[PDB]
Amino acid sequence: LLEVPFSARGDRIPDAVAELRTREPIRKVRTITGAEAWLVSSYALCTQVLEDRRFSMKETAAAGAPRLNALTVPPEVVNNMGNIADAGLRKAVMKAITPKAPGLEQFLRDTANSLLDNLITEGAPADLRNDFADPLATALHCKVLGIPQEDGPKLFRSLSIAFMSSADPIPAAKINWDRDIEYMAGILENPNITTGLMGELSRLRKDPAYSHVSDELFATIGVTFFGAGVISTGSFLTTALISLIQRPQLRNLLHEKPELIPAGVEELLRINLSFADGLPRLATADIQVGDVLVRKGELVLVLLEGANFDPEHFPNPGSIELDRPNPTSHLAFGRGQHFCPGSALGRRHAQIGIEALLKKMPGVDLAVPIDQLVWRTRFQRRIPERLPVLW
């Protein structure tokens, strides 16, 4: 039986996705746990699944369900956004993580420019993942959360394990989870934390209108938004920079006309292979999806690059076109109930990171042949361990 995932490489889509989309856009596969699942790979069917709440994210955590991979968080946390909504906290969380907070965009620029200055001073080769994209992501999310910049690196080092995609439970994941929860609980008791997401959560925690919300949920919001945000933005920016380096004509165009960078980033989002696995959902009813009657209790995997390279929806899908008529209709941030709450911040992180890099390193290029990149395996993202460049 066809095993997923197909390839950990984030620099090229396997030829098999297109043939699967054409012939079997919903197809039975085996996951790394040994469970069976339905892999959905066309734009039409991917959108159907994500927009039908009966395909439940929450129920993927039920005991005895077929699993894509092992949980790395407590089962209740799989429903974290539903818990946030039920607590009446959605508006406050969204307001705290907008890229339009005063001084945040300028903080992003100053930080990106400082990171790039340090690389230039040290001399090529430079590692654009470990010494640019991930530190930029980490610094951004410390500022967004309102926590000390010096705490970022230790929090960041949990993520190589927290976002593993493993057949079995991971002992280190619980060690790091409990420790990072204790950190965020301490932050909520820290009177000097008055800004960002944790500053706001700290205030709502003492507000009688939120008296019933548990201290547990408040800390969980901090841990999960730091982790999801840092791993997602660092990983997306890293693999977007590869796609840009691989396209010197686009690199030069965006350097010459940086007003096109937002449109470029939107296409880089569309063609991005950062998510290593399909998005998992558990059917809570018998539901027809294409030629398959998905049965209650079965696992469905929504393959984002299946949708995003679907030639029916995105003609010439492998080509970056800055003037498509449906440019944000990609699924890089998902779709439906669980659409990424950090999408605006993720866009701005990448836009500013690319703007700064192209200004400082207009001649940026890989310093090793592309096949020498080492792609992380059994992880929820596809990323190179190091991204060596010259300029």
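The numbering used is simple: start at 1 and walk along the sequence shown.
Taking only CA atoms, the mean B-factor in the PDB entry is higher for 215-223 than for the other of 271-279 and 215-223. Stretches compared: 139-147, 159-167. Higher mean C-alpha B-factor in the entry: 139-147. Per the PDB record, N118 has a higher Cα B-factor than any other of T72, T284, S235, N118. Across the options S243, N130, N80, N308, the residue with the most elevated CA B-factor in the record is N80. The PDB entry assigns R335 a C-alpha temperature factor belonging to the middle third of its chain's modelled residues. Ranked within its chain, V389 lands in the lowest third, by CA B factor from the PDB record. Looking at the C-alpha B-factors along this chain, the one for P362 belongs to the highest third.
Ranked within its chain, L20 lands in the highest third, by CA B factor from the PDB record.
When the CA B factors of the chain's modelled residues are split into thirds, the value for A85 lands in the highest one.
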